[PDB]
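Student: This one's experimental. Sequence and coordinates below.
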Amino acid sequence: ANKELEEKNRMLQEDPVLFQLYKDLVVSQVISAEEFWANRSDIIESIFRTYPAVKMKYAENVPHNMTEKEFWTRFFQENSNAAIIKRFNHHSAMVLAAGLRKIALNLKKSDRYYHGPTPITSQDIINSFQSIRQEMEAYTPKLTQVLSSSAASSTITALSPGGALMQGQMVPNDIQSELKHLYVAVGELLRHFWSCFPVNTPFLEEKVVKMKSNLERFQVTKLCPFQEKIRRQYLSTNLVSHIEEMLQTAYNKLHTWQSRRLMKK
Amino acid sequence: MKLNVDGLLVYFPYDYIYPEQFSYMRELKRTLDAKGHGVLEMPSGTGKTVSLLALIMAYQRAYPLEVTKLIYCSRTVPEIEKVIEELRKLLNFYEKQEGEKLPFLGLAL
Amino acid sequence: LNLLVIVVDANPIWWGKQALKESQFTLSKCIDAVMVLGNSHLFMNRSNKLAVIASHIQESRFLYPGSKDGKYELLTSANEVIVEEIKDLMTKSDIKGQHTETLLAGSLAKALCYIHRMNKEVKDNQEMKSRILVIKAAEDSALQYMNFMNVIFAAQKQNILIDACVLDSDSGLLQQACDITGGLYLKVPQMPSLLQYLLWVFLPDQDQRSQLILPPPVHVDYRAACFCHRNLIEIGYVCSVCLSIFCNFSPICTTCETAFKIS
Amino acid sequence: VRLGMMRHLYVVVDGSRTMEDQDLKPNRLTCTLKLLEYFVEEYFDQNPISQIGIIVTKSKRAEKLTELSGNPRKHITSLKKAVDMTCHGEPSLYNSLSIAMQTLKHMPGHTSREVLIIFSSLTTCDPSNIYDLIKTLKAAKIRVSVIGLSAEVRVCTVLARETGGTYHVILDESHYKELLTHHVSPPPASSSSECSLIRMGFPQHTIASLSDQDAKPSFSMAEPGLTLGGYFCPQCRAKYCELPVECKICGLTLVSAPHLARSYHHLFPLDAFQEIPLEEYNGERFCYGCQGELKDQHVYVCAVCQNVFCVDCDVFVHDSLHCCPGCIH
Amino acid sequence: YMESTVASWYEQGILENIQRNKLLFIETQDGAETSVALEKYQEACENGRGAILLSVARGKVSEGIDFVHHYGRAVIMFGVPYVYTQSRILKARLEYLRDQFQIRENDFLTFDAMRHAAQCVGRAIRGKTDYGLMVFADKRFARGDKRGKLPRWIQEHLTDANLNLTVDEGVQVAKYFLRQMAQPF
Ligand SMILES: [Zn+2]
Ligand SMILES: [Zn+2]
Ligand SMILES: [Zn+2]
Ligand SMILES: [Zn+2]
Ligand SMILES: [Zn+2]
């Protein structure tokens, strides 16, 4: 069965981003599209599930030279007294049947938390203690001692934007959408490329797919710089270099892990 | 759980008894001591069976000649099965307390 | 209204080192500047209230729960009480060589629970916007990180702003602390002119802080390190019990003793 | 007692029409959502590494209102949107638990998978028997702790006790607050629970290097404008607006040191302080914690520092600060 | 009488609303149907659907069955249980008791009603201290004679404040009492 074709038809226009990126991977003819998917009323329904007799009657009386309004009409249509009680008992039983279809912790080193990841003679204490004890025999010098005009002016100049302690562009708009779309494409493909990269996966069938994805990295990064070139030759302003870091770091991881694999071999 | 009933000391399997159980046991012991037919009512569906059985067993131990045996009747067999379960639990508790088997027989027809 | 709390780090070791150095700045002038700041804070409005805490190596003590010079009676009482209590605390103090690092986490905990008590007692009609103007004066202690982080998170939940005013040293823990709760961080390099910094950067309350230009926040280095040799690490291997940042993959982390199963 | 610091929790809300009944002062559904907003925010504030997910079940169908995420604001917005939900239909425990199981099956073993079913309508119409699903839940070690409303449901009682969770029924709104606040805290790890090391990454906030030289412009990663500076990743190298967040590429959790430090108080619970009403030779009128006179005949003391704390001081310390001020010294 | 009431509720919309709120099961003279209905009722009680079991006080099911925790939580009594005043066997049984042992006919009739009601309403308190409420939807029970002949344990719990509650007031107090009993000891 063409289940893949049916799914592609379903998602062809319902979701714009998914098909946009999947098509983009083929617009420049990067790779085959197989890997793309390889890696990744109420009343009548209630009656249908309630009355098996109604189900059989519907199957035998499927609309044929009749009308659904007439079928609806057929629904509602001491001997009668006991029939009502029996009907409730049977109906509740049918509803119920339809609903029933088949370590104390111990530690040896706690001061490590007291000094967590945050990083980092005797007569001196005596001298400082006595000196500070004798320091404050006089108090309330606020009248002049606390502040001076020259120091205040220096502080205000420092607080000025050009002073110390106080250091002090949305021109492009349409380029924003293109950058977002490119970032989404990079994320989409990096997801599969990094899906099993961190795990060692020392198996033949597991490593085959990482090798294929690593080649796909070369093949996609082949086309990325061409769009980069198109965008660059406009104004030579507002450089977009963050995208380069992702590609270069992915390449560095690829090559370093290749060398590590060769060393392990 | 050994209860120092006014008449005698009576064993009891569960940990605690409500005051209504004390009243039930004392009234029942009064009736047995009088050796006269009587009627009494207790609310709980369960618990009355264990209290009654324990008191009757203790009275039998104290005055075996006074009472030859107990004939405990229930409405239905499914119900009397629960009674025999309660009696089995009580006998196991008493046997553990005594440390050995005693000449006591209990059965349902 | 606003409830201000000044947590002064009056470390005798460091301030007495300054006294021995005979530098221009002194603990007396620091206390006077803090006093002036509190007086101005209450001067702002009647409903506003303040409190003061002093830190020492042993413990931390509150410095605050006619018109002889023609003075406002309430501020006169504040001046007298703070002066007397600070002199008493500095004059009387035991000596313990083993413990010399200044204590700040306990003082901040006292401040937080004091603010909670005041918030409970105050009438529900008026809303109180409390603040803690921490004034550090000495290097922090490594062993206090955990408790200080606890109190910082409690302050974040309770909506109190920790405005740090470190001087003579940049405490990474304290800057991290104020960054979490959004309090301002000012490092005054001119100690003699410290009070001008208070009457501008710190004095304005949270109500008007947004609608005012103040020095930009300093970048915070949220570093992580393994528990072995104490060094920056970008990737940490924590477990589900210790929640501890470690060096490298190990059969079992020492602080856990758990029976980790390989895979 | 071993505790699972990292837990993926699903708050299953039922959009039954029994929720229409205004048993509580406001509408039942509105009250549950309003309080569940607070529950979500507090849960994130008390377990940053953990993440939450909401499944809304109505008309015999369960829909994922919000997938697993580390951002409380997104879930809060989802709650506010759901406040206006029609609230008509009948819930299906099988459907809701199956959706939760499908999402949680691929979750890492080390993390604790948990479900909190806020059950309102006692009925449970399901396509398949739930006793069979109970076996799969036990096999998958997914803790399920139901909170019933106005009903002691037997199927949910057996669900909770068999799967290891706890069952409760709302006595009133105040007790509802207490129940959810209790469920906020991490549950103790039982014998079936297992612990394993989890890869973690610690990013550093970065800005323009020097006067916007060799800048690193970028918009966001899950209408974001250009950002001069922000967080980054050791491996993704993709700008992240806020932390903590799971990597969109690596699959590794990015989280800073304070977020981890926020959970140490769980490992270090504070021992309850004995309450002595009488003064007991406590001549200090001022409470040490708050330096205020003790206006009530109550005092609290530790077993180490032996300090004095009033009712408010002790309550606050054991509730929020989670550490004794004087006893820190 | 049960059939007549059920038929009236069916003609009105009350019965459909009851069906929506909770499952409904009814008793019949035939033992096989009674057993099947009760077997399904137990499963309904175990599940969250719930069940409303309509039965007759003289029905063998009422005497045979025992209701425990999460079974027959709220026992509803619709009307004082009285035997038909035409069955001639009871006429001999009753007039003979009047002639000998000197029991008034009304006295014995009310005794036969109260004993039967106590039998059919006393099941919810089986054991293990399982909460539950017994609501009697009949002003006759409010009469002093019925209360006096009621068993002591039920009567002493019964109070004048809730003796003759309106339907709505009874519903509210039942909700509050269930709230109180929900919480642990
Ligand atoms: Zn290391
Ligand atoms: Zn560990
Ligand atoms: Zn990443
Ligand atoms: Zn206090
Ligand atoms: Zn303490």
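Tutor: Arrived safely. Numbers count the residues shown, from 1 in each chain, chains lettered A, B, ... in the order given. Ligands and ions are numbered 1, 2, ... in the order given.
Student: from here on, contacts and neighbour counts on C-alpha atoms
Tutor: Fine.
Student: ok, and residue C:4, which helix or strand is that part of?
Tutor: For residue C:4, the enclosing helix or strand under DSSP states H and E is strand C:3-8.
Student: What helices and strands are in contact with that strand?
Tutor: Here strand C:3-8 touches helix C:27-44, strand C:49-55, helix C:105-121, strand C:131-135, going by 3 or more C-alpha pairs under 8 Å, 6 or more residues apart in numbering or on different chains; DSSP states H and E.
Student: what's the burial count for residue 17?
Tutor: Using chain A here. The local packing of residue A:17 (other C-alpha atoms under 10 Å in any protein chain shown) involves 13 other residues.
Student: actually chain B
Tutor: A count of nearby residues for residue B:17, using other C-alpha under 10 Å, gives 13.
Student: Now name the helix or strand holding it.
Tutor: Applying DSSP H and E, one finds residue B:17 in no helix or strand.
Student: does any part of the helix or strand following the strand holding residue C:4 sit near chain A?
Tutor: Moving toward the C-terminus from strand C:3-8, the next helix or strand (DSSP H and E) is helix C:12-21. Yes. Where contact is defined by C-alpha under 8 Å from any C-alpha of the partner chain, part of helix C:12-21 touches chain A, namely C:12, C:13, C:14, C:15, C:16, C:17, C:18, C:19, C:20.
Student: among those residues, which ones are buried?
Tutor: Buried residues within the residues of helix C:12-21 next to chain A, counting neighbours by 16 or more other C-alpha atoms under 10 Å in any protein chain shown: C:12, C:13, C:14, C:15, C:16, C:17, C:18, C:19, C:20.
Student: now for these, which pair is the farthest apart?
Tutor: The span of those, defined through C-alpha to C-alpha, is set by C:12 and C:20 at 11.6 Å.
Student: who touches both of those two?
Tutor: Listed contacts common to residue C:12 and residue C:20 are residue A:128; contacts here mean C-alpha atoms under 8 Å, 6 or more residues apart in numbering or on different chains.
Student: The nearest residue to residue C:17 once chain neighbours are set aside: what's it in contact with?
Tutor: Spatial nearest neighbour of residue C:17, excluding adjacent residues (C-alpha to C-alpha, 6 or more residues apart in numbering or on different chains): residue A:128 at 5.1 Å. Counting by C-alpha under 8 Å, 6+ apart, residue A:128 touches C:12, C:13, C:14, C:15, C:16, C:17, C:18, C:19, C:20.
Student: which residues does residue D:147 contact?
Tutor: Listed by C-alpha under 8 Å, 6+ apart, the contact set of residue D:147 reads D:116, D:117, D:118, D:119, D:167, D:168, D:169, D:170.
Student: quick one, strands of the stretch 101-250 of chain D?
Tutor: For the stretch 101-250 of chain D, the strands defined by DSSP state E, counting those that start in this stretch cover D:112-119, D:143-144, D:147-148, D:168-169, D:198-201, D:245-246.
Student: mind putting those in CSV, distance to residue A:106 included?
Tutor: Conversion of these to CSV gives the following (distance: least, C-alpha to C-alpha, whole Å):
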stretch, distance to residue A:106
strand D:112-119, 20
strand D:143-144, 24
strand D:147-148, 32
strand D:168-169, 31
strand D:198-201, 20
strand D:245-246, 30
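Student: among the ones you listed, which is the most enclosed?
Tutor: strand D:143-144 (a mean of 26; mean count of other C-alpha atoms under 10 Å in any protein chain shown).
Student: Show me what it is packed against.
Tutor: For strand D:143-144, the packing partners by 3+ C-alpha pairs under 8 Å, 6+ apart come out as strand D:112-119, helix D:154-163.
Student: Switch the ones you listed over to JSON lines; also include distance to ligand 2.
Tutor: Output for those, formatted as JSON lines (distance: least, C-alpha to the ion, whole Å):
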{"stretch": "strand D:112-119", "distance to ligand 2": "15"}
{"stretch": "helix D:154-163", "distance to ligand 2": "26"}
